[PDB]
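What follows is a pair of forms of the same protein chain, given separately as structure tokens and numbered structure 1 and structure 2.
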Structure 1
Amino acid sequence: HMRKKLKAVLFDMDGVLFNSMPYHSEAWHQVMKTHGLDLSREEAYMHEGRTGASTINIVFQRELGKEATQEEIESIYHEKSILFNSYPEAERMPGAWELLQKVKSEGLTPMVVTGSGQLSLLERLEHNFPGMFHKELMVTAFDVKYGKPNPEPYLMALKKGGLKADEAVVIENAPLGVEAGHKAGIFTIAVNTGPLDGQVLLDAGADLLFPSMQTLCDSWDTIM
């Protein structure tokens, strides 16, 4: 019955639309090294979904026992962007385009809800997923004060789309993201695209779990 109440599907970008997480984790790891801090690739994955600013500050708290200054945030963030974009551009997660076609064909509105401030990725959405997304139906780092795992971004999305929590579904791949969608009170589907135990996504409050975007796409008509 939830099924025909649906009006919008809310996608995270990294690890859901683009296969960028290998790169994000590498870039975080490396830029932290340069600044003289230990952030493993694995921990970088655990931070997926946060804004850059929130990530940097938390790493500073866990490692040095203090806040990062505003200048430290901008400086590390700029460098992280350089490192990220110095890799061959991230490609589409297999299945993402085909699922978006299924979503659109069912008359549903695609939205992006992301902690990303990476303009290279944000501006590539249209080129990769043509006709799917619009700026006014997106939430990015630029919109939020807190970001995931706070529900704030997902609540902003509902409002931007003029939706009620029961008129939406969230597609997330990372625990902080699942958590934010869940706390926004939205039915949340986890897709385990990363190197994580699918359990951690269930623990974060995911209503359904899939191993890949392809599997999710294949089972889209089964979902209720």
Structure 2
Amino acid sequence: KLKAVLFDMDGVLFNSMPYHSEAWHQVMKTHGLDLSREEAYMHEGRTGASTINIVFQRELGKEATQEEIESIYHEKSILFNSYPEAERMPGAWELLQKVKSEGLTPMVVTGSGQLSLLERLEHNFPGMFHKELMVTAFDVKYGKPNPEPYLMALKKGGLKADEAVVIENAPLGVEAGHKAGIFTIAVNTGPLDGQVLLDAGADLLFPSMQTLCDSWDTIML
């Protein structure tokens, strides 16, 4: 019997990945470094530091310094913020209402550490989440694909792994939920092949958030 539902924020609650992928691609290009929009989708869920390091290690044969990480990340963040603000993923508010009406605790698990997440989550999904029942960059040392953030979600909610379900759209996020020993539902909201989500260890796979919403009662039976 389930108690909690653990949502990723990017690509699950907000339709932000076109923006995250473009900004990552463009900022790398500005620095003479090659990160494709597709590879940015492959790295969804990673910390900015980790993403920057991976490109530096492959292209430059070394790690980025902390000041280079912070510089490039701030530049990516400025660019991401220059775009008209990201909107709700279709089906998210509807699934959240279903989950809540069934007595389940909605939770957010995200590697973002921005304050206005609180405001933006609350404005888009009013009454759904509680800031204390949420995992952010203020908590994440390692981040996806390490199961750390989902394990910290379990801890914060006082949950056993078999009392939760993970809703994820990205393979590093699926892998994180899976390697935490939590039942993981993949929603293929991006441009990647469904196989990549199943290969990462998803127990179920749906084509979209709305189809997950439509199917929720049936899979919970």
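Rigid core: the largest C-alpha set superposing within 1.5 Å between the two forms. Sequence positions of structure 1, starting at 1, serve as the residue numbers.
Core-based superposition between structures 1 and 2 shows that, of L121, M111, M93, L100, only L121 has its Cα displaced by 2 Å or more. Core-based alignment between structures 1 and 2 gives a C-alpha movement of 1.4 Å at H134. The two forms line up on their rigid core, and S212 then has its Cα shifted by 0.2 Å between structures 1 and 2.
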